[PDB]
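**Student:** no FASTA, just this:
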């Protein structure tokens, strides 16, 4: 199901913000603009409260998860507050195990073939590729040779000009932060619309 | 001896293909065009059978190995079928150990200084650099400072325009996949000739 | 204090050389040109002797450390000879632990989010980013999102044209090798002056 | 079956070479370029060994025979080493008889109506016409009148410019030597491709 949602929606908003209020307003902006997968990063102050207060959007079909999860303690709080998926920038064995026992989808981040293989050995085949702007689509295309059955969701620098190249390389979905989320609510809602159209357009 | 063969031939064909028949025809094409080091990747269906059926080319001086080796079970099959060398995209401690006991040359893939150091601690000084198109010659030149005695064989994006830059950076040999191997047998045999000449030419 | 010195001086000369004499002359050149943080790499022959013979420059305010430290045995020699800080290209748990017990500042090198997190778990928040020319400022900016409290000192390709971009990305200091250190003593002393001015200039 | 293979493939490479190694490389070149009928002439040194060492290509669908067979002793060695067909430049009653008892297809060479008739009396209706460059398509057309049921495979001078004229005259297949086989492996593989296309093209 987690796989199937990424496949269908193709875009996850990676939401960094300086306050609970800003984070909630941007999550609403993004949703109102057609982005259903919303990742509340743990760099947001009181990121758990934000996830809990957005729980109602689930009734409107939003899928609210947590990102920048770097300890099992953070993972527990996110899940306790209703996170439907966990994302980290790195591969965390302890978070992998906790999410396995808890029955919650975890997408670890990877930047190398060795990291990729370790993640596969922990049962993962959908991987966050981070930072995407450093490795690029080139990395995604290179992995298709030896690891035809791994799929990536790049985060980092994905924007309006390159989103289609990423999909050409073979990515499953993209995670979009500052290109989507930075600015005012109005600007964010609008940029949300543009990304959906640009993605549909390819 | 394994080192010395890489040093002498300078190019390894990294052979991905959709069938046994295609893989064998491309391995013959490449050999006929002057490429003696042939890596049958385990993304080739029945890659073991292909290695076994190419065993006779060893009598003509071909050196047939296996690539995209990701488990010890695959490693065992490759060696059982006559592989003279094992290559992986990542650093695998279990494959390192098996190849050590079996007395077969293993070239793990590495993308970072930490991975490099771990591989050295496992006894390796000839490393696959993968994906070469992501890190580049720049990475090879950067490693010369702190690790003067490590040598790289980059795989990923090596082509006719950049092969000489790679050798300028200090690589021991190059692994060439799609630029060499994609196309028909005739086109592959011809591209094989071009790479040998271009490499000799630098 | 180690943090505070990096913060104040902003540049560390990464000194590779073919002899004790060349290394000492270049360390003097660099210091005479205004660079106070001097990293004697262990690729310098008898790098310990060089650190010991430069010990007097500490009385003039030079801070002499060791780089390219790849084993605890090398780490011990460097510290025994008066190294005030230890730098490696990779993350080394054994060197981390030794430096912790010995009470000496260690800056491990990292290239990925997973490596970064492991280093943080070992108590490090100032990280060498290596090779900087492969990942770039882009990597430093990407890390600010999920890891706002990590600071980088990139080594690899930092030069007169890009030093200000690096500081724009949010680095704590830069480690400069060949752009600073290559050439004759006179040329090195002069390039030292240029880097200090260019850094002040941004 | 022998008839039917000639009919289907339309071209037999007549392989003369100065060594075992050259002969094998050219047979591979030709096969890789789409020529399935390969005639190893007995002017090749150790022509039997070459036929035996190419025996595996039979598993890839190559049909390996012997040419320039001029005694029953040579015929025996060729058959013993796996030759699937025997070709001679002349009509040899002794080779005809041996091949009849052994159950192996023999194509004797003929240049005159009297030779043709003698071959028919020995049970042959598929004849090598040799030397084709001396008699020409004219000879093939002339034979259609009195001997409508004889079919020729000309050897001698068949090339890219005249191959279609030969087929216009009514030949069953062509045997191509120097126009196909002379040059390096790469050049031979390529010329092989050209002949197949030119033949298909008519």
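**Tutor:** Structure's in. What do you need? Residues are numbered from 1 along each chain as shown, chains lettered A, B, ... in the order given.

**Student:** Enumerate every residue touching residue A:75.
**Tutor:** By Cβ atoms under 8 Å, 6 or more residues apart in numbering or on different chains, residue A:75 lies in contact with A:66, A:69, A:86, A:95, A:98, A:99. Heads up, the C-betas are built off the backbone N, CA and C, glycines and all.

**Student:** do the same with residue A:178
**Tutor:** residue A:16.

**Student:** how close does it sit to residue C:156?
**Tutor:** 26 Å (Cβ to Cβ, to the nearest Å).

**Student:** what comes up buried for the helix ranked longest in chain A?
**Tutor:** Criterion DSSP state H: the longest helix present in chain A is helix A:185-200. Using 16 or more other Cβ atoms under 10 Å in any protein chain shown as the test for burial, helix A:185-200 gives A:185, A:188, A:189, A:191, A:192, A:195, A:196, A:199.

**Student:** Of the contacts of residue A:75, which belong to strands?
**Tutor:** Of the contacts of residue A:75, the ones assigned to strands by DSSP state E are A:66, A:86.

**Student:** tell me which of the contacts of residue A:75 is nearest to chain C?
**Tutor:** Closest approach to chain C among the contacts of residue A:75 (Cβ to the nearest Cβ): residue A:69, at 9.4 Å.

**Student:** Could you pull up the residues touching that closest one?
**Tutor:** A:42, A:75, A:78, A:86, A:87, A:88, A:92, A:95.

**Student:** The residue in chain A positioned nearest to chain B: what's it in contact with?
**Tutor:** Nearest residue of chain A to chain B: residue A:142, at 3.7 Å (Cβ to the nearest Cβ). Shown in contact with residue A:142 (Cβ under 8 Å, 6+ apart): B:130, B:131, B:133, B:134, B:156, B:157.

**Student:** Quick check: which of the residues you listed are also close to chain D?
**Tutor:** With Cβ under 8 Å from any Cβ of the partner chain as the criterion, the contacts of residue A:142 include none near chain D.

**Student:** Redo those residues as JSON lines? Include neighbour count and distance to chain C.
**Tutor:** Converted to JSON lines, the contacts of residue A:142 look like this (neighbours: other Cβ atoms under 10 Å in any protein chain shown; distance: Cβ to the nearest Cβ, whole Å):
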{"residue": "B:130", "neighbour count": "30", "distance to chain C": "13"}
{"residue": "B:131", "neighbour count": "26", "distance to chain C": "12"}
{"residue": "B:133", "neighbour count": "19", "distance to chain C": "12"}
{"residue": "B:134", "neighbour count": "21", "distance to chain C": "8"}
{"residue": "B:156", "neighbour count": "29", "distance to chain C": "13"}
{"residue": "B:157", "neighbour count": "19", "distance to chain C": "14"}
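
**Student:** so which of those comes closest to chain A?
**Tutor:** Chain A lies nearest to residue B:131 out of the contacts of residue A:142, by Cβ to the nearest Cβ, at 3.7 Å.

**Student:** Residue A:183 versus that closest one, what's the distance?
**Tutor:** Following Cβ to Cβ, the distance that separates residue B:131 from residue A:183 is 34 Å.

**Student:** which residue packs closest to residue A:156, ignoring adjacent ones?
**Tutor:** The spatially closest residue to residue A:156, leaving aside those adjacent along the chain, is residue A:131, at 3.5 Å (Cβ to Cβ, 6 or more residues apart in numbering or on different chains).

**Student:** quick one, strands of chain A?
**Tutor:** A:11-15, A:37-41, A:63-67, A:85-87, A:105-107, A:109-110, A:126-129, A:151-154, A:174-176.

**Student:** Out of those, which gets nearest to chain D?
**Tutor:** Comparing these by Cβ to the nearest Cβ, strand A:151-154 comes nearest, at 36.3 Å.

**Student:** Residues contacting that closest one, please?
**Tutor:** Contacting residues not belonging to strand A:151-154 are listed as A:6, A:12, A:107, A:125-130, A:132, A:140, A:143, A:166, A:170-175 [Cβ under 8 Å, 6+ apart].

**Student:** how distant is it from the center of its chain?
**Tutor:** Relative to its parent chain, strand A:151-154 has a centroid offset of 10 Å by Cα atoms, centre = their mean, to the nearest Å.

**Student:** go on, stretch A:132-143?
**Tutor:** On Cα atoms, centre = their mean, the centre of stretch A:132-143 falls 17 Å from the chain's centre.

**Student:** Endpoint to endpoint, it covers what distance?
**Tutor:** 14 Å (Cα to Cα, to the nearest Å).

**Student:** Kindly calculate the angle that the longest helix of chain A makes with strand A:11-15.
**Tutor:** 150 degrees (axes from the mean of the first three to the mean of the last three Cα atoms, to 10 degrees).

**Student:** Could you list the contact residues of chain A toward chain C?
**Tutor:** So chain A meets chain C at A:14, A:16, A:41, A:43, A:67-68, A:70, A:89-92, A:109-112, A:115, A:130-131, A:133-134, A:156-157, A:177 (Cβ under 8 Å from any Cβ).

**Student:** and the residue in chain A that chain D sits nearest to, how far is that from residue B:175?
**Tutor:** The minimum distance from chain A to chain D, using Cβ to the nearest Cβ, falls at residue A:145 (23.8 Å). For residue A:145, the distance to residue B:175 equals 11 Å [Cβ to Cβ].

**Student:** and for these two, which residues touch both?
**Tutor:** Shared contacts of residue A:145 and residue B:175, counting by Cβ under 8 Å, 6+ apart, come down to residue B:14.

**Student:** Between the two, which has more neighbouring residues?
**Tutor:** The residue with more neighbours, out of residue A:145 and residue B:175, is residue B:175; 26 against 20, by other Cβ atoms under 10 Å in any protein chain shown.

**Student:** Pairing-wise in the sheet, spell out the partners of the more buried one.
**Tutor:** residue B:12, residue B:155 (DSSP bridges).

**Student:** just to revisit the earlier point, so which of the residues of chain A next to chain C belong to helices?
**Tutor:** Judged by DSSP H, these include A:115, A:133, A:134 as members of helices.

**Student:** Go through these and name the one nearest residue B:47.
**Tutor:** residue A:115 (24.3 Å; Cβ to Cβ).

**Student:** what residues are up against the residue of chain A closest to chain D?
**Tutor:** Contacts of residue A:145 (Cβ under 8 Å, 6+ apart): B:14, B:16, B:41, B:43, B:68, B:177.

**Student:** same check, this time on residue A:194
**Tutor:** residue A:160.

**Student:** State the distance from it to residue A:7.
**Tutor:** Residue A:194 sits 21 Å away from residue A:7, going by Cβ to Cβ.

**Student:** roughly how far apart are the closest residue in space to residue A:32 that isn't next to it in sequence and residue A:89?
**Tutor:** Setting aside the residues directly before and after it, residue A:32 is nearest to residue A:189 in space (Cβ to Cβ, 6+ apart), at 5.1 Å. Between residue A:189 and residue A:89 the computed distance is 26 Å (Cβ to Cβ).

**Student:** Repeat that for residue A:75.
**Tutor:** In terms of Cβ to Cβ, residue A:75 sits 14 Å off from residue A:89.

**Student:** before we move on, what about residue A:21?
**Tutor:** Taken as Cβ to Cβ, the span from residue A:21 to residue A:89 is 25 Å.

**Student:** Tell me which of these two has more neighbours.
**Tutor:** residue A:89 (29 against 12).

**Student:** hang on, that one packs against residue C:112?
**Tutor:** No: here residue A:89 does not reach residue C:112: they are 9.4 Å apart, not a contact under Cβ atoms under 8 Å.

**Student:** Close to chain B: what parts of chain A are there?
**Tutor:** Counting by Cβ under 8 Å from any Cβ, the positions of chain A adjacent to chain B are A:111-114, A:116-117, A:135-136, A:138-139, A:142-143, A:145-148.

**Student:** Appreciated, that's everything.
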